[PDB]
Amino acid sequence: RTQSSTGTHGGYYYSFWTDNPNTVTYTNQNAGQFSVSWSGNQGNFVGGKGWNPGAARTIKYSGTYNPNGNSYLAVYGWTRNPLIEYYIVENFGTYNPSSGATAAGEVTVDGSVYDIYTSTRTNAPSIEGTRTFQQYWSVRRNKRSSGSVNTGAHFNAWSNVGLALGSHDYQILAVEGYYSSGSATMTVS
């Protein structure tokens, strides 16, 4: 029982995915606002608002992020040609989502050091189907739940590590949860 919802709402691209619709409620609100509540420590989901296509833009976000367990708050997106999945992780709960990726340096932007990681996913689900693709991570040391993200500084930092980003697909401010509970109301602009 999976559910995937995408579209435009309030002028923004949105995306929500879960493998347990009964324990997660995603709510589109006005402009770049959305809310998610999840309970019962059951199910995997990722949802938020942003743009399609993405770009090297400054993403402003604010709101409240209240996880209880495995969860993260991230700018999240894809490029094509080449196919890349990327994460700018602003906050997380009890598990660091970059675990198992390869350490690849540091970048200082937007008031914090971010640790950079790279990984390869082999025949894994992608926006193009089952593929082998590269992943980039920047993980903020100084966790926060509101501020601005200069995505181009991350894109430039990643391009000195491995393959450069391709043509942008979607780009969202995502809340994720994995067999946990919590609530969040965020606004992107």
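The first residue of the shown sequence is 1; numbering continues from there.
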- Out of 71-79 and 87-95, which one has CA B-factors that are higher on average in the deposited record? 87-95
- Message: Can you tell me whether 33-41 has a higher mean C-alpha B factor than 116-124 in this record, or the other way round?
- Response: 116-124
- Top Cα B factor in the deposited entry, candidates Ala157, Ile59, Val139, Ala164: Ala164
- Once the chain's modelled residues are ordered by C-alpha B factor and cut into thirds, is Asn52 in the lowest, middle or highest one? middle
- Would you please rank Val109 by its C-alpha temperature factor against the other modelled residues of its chain and give the third it falls in: lowest, middle or highest? middle
- Mind checking which third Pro21 falls in for C-alpha B-factor across the chain? middle
- Third of the chain, ranked by Cα B-factor, where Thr27 sits: lowest
- Split the chain's modelled residues into thirds by Cα B-factor; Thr8 lands in the middle
